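Take a look at the structure set out below.
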Amino acid sequence: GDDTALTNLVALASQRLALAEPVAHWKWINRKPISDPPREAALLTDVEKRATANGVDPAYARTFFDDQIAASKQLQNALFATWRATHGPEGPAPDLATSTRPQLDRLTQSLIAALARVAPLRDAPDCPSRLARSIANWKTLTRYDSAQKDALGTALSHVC
Amino acid sequence: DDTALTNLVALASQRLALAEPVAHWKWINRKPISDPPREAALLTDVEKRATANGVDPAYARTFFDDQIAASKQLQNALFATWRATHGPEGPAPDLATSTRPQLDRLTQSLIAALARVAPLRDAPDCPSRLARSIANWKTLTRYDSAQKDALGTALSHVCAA
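Read top to bottom, the protein sequences are chains E and A. Numbering-wise (the deposited numbering), the first sequence opens with residue 34 and increments by one. Numbering-wise (the deposited numbering), the second sequence opens with residue 35 and increments by one.
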């Protein structure tokens, strides 16, 4: 049963990671930096607020979202290197402010709630085994590019 | 485990969420929500991919009939909302280079996800397990009622009953 809680956490982490490409696309075109320290710190404060409210350990949640932030930057920088080595993506980027950013904000709430269901299981002996099974079951469905699959590991590296 | 259903719900919801940028693009460009030749092409492709993946072609086709119905339901609900006030602020994501590639990837993920759900299609407790996954997911993501209603449409022929 708790397998589904891990499964949902994996799915929502992948979903948030998929928005890294349109972020990177928008920054690539507009020449804005991948690093945005005041926006990251604002996300981590909001995470601590929502965590405490939903009865989640804030340290657990801050760390998990450290990894969400780190996985996102990892994928964005890999896309920049690919685009430097060849060419940027054809077509305009979705508007960061009105299209992409609202989808990222919705996922903060979703991930907090998903994490609250996983949090009781976090110390269980079979947590890592069941998580790795959920991760492999997801990857064989969606079959994303290797750079995205790579950052998914970072995103989920402190669940257990 | 019930992870097969859980993954199916998540991907169906992911595909349904792309109906907003489809609707937004069509609202600016005044293109009709219904696109018979594009739909029929999609369902033809779904039947051919299902065979490759060992899924019953009619089961996959019906499931994608429901994905289309759910998308159009949501898009019409967004149009009704935008008519009452105004459309969205901000430009629409490009349908051809931004939204449709995401939709196309989900075709293969959904077909593979459906293949894992197939052995449960006639299981006596399939409907309640599905309904449980849907409710679990809705309480996580908290989309508007139009989208949540359309997600029910999208998953309405997963179980035989």
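Beta carbons: idealized from backbone N, C-alpha and C, even for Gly.
Exercise for the section: Return helix, strand or coil for A/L52, following the three-state DSSP convention. Expected result: coil
Practice task
Within its chain, find whatever has a CB closer than 8 Å to the CB of E/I145; leave out the 5 residues flanking it on each side and keep chain order.
Solution key: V80, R83, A84, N87, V89 and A94
Problem - Span of the alpha helix (DSSP H), counted from its first residue to its last, around E/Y93 - result: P91 to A118
Problem - Entirely enclosed alpha helix (DSSP H) segments - the stretch 115 to 163 of chain E, minimum 4 residues - result: With a minimum length of 4 residues, the continuous alpha helix (DSSP H) runs that stay inside the stretch 115 to 163 of chain E are 134 to 151.
Problem - Exposed unless 16 or more other CB atoms sit within 10 angstroms - verdict on E/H58 - result: buried
Problem - Other residues of its chain near E/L52: CB distance less than 7 Å, five sequence neighbours each side excluded - result: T133, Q136 and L137
Exercise for the section: Output the distance between the C-alpha atoms of A/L50 and E/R72, rounded to the nearest integer angstrom. Expected result: 29 Å
Exercise for the section: For E/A114, count neighbouring C-beta atoms within 10 Å of its own C-beta (all shown protein chains included) and say buried if the count is 16 or more, exposed if not. Expected result: exposed
Handout entry: Local conformation of E/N63 per DSSP, three classes
Key = helix
Handout entry: Terminal residues of the alpha helix (DSSP H) in which A/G186 lies
Key = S179 to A188
Exercise for the section: Spell out whether any CB of chain A is found under 8 Å from the CB atom of E/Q109. Expected result: no
Practice task
Just tell me which of E/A147, E/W171 and E/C193 has its CA closest to the CA of E/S162.
Solution key: Closest in alpha carbon position to E/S162, among E/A147, E/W171 and E/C193, is E/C193.
Handout entry: Run of the alpha helix (DSSP H) containing E/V80, from where it starts to where it stops
Key = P70 to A86 is the span of the alpha helix (DSSP H), which, as asked, contains E/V80.
Exercise for the section: Determine, using beta carbons only, whether A/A147 comes closer than 8 Å to chain E. Expected result: yes
Practice task
Step through the CB atoms of chain E and report whether any lies within less than 8 Å of the CB of A/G88.
Solution key: no
Problem - Proximity below 8 Å, CB of E/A147 to CB of E/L42 - result: yes
Exercise for the section: Identify, in the order they occur along the chain, each residue of the same chain with its Cβ nearer than 8 Å to the Cβ of A/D100, setting aside the five sequence neighbours on each side. Expected result: Counting only Cβ-Cβ distances below 8 Å, and skipping sequence neighbours, we find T187, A188, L189, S190 and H191.
Handout entry: Cβ of E/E73 within 8 Å of any chain A Cβ
Key = no
Practice task
Say whether chain A places a C-beta atom closer than 8 Å to the C-beta of E/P127.
Solution key: yes
Problem - Helix, strand or coil at E/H58 [DSSP, three-state] - result: helix
Exercise for the section: Just the C-alpha distance for residue 3 of chain E and E/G124, rounded to the nearest angstrom, thanks. Expected result: Here chain E comprises residues numbered 34 to 193, so residue 3 of chain E is not present and cannot be evaluated.
Exercise for the section: Apply the 10 Å Cβ neighbour rule to E/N170 and answer buried if 16 or more other Cβ atoms are within range, or exposed otherwise. Expected result: Around the beta carbon of E/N170, a 10 Å sphere encloses 16 or more other beta carbons of the protein chains shown; the residue is thus reported as buried.
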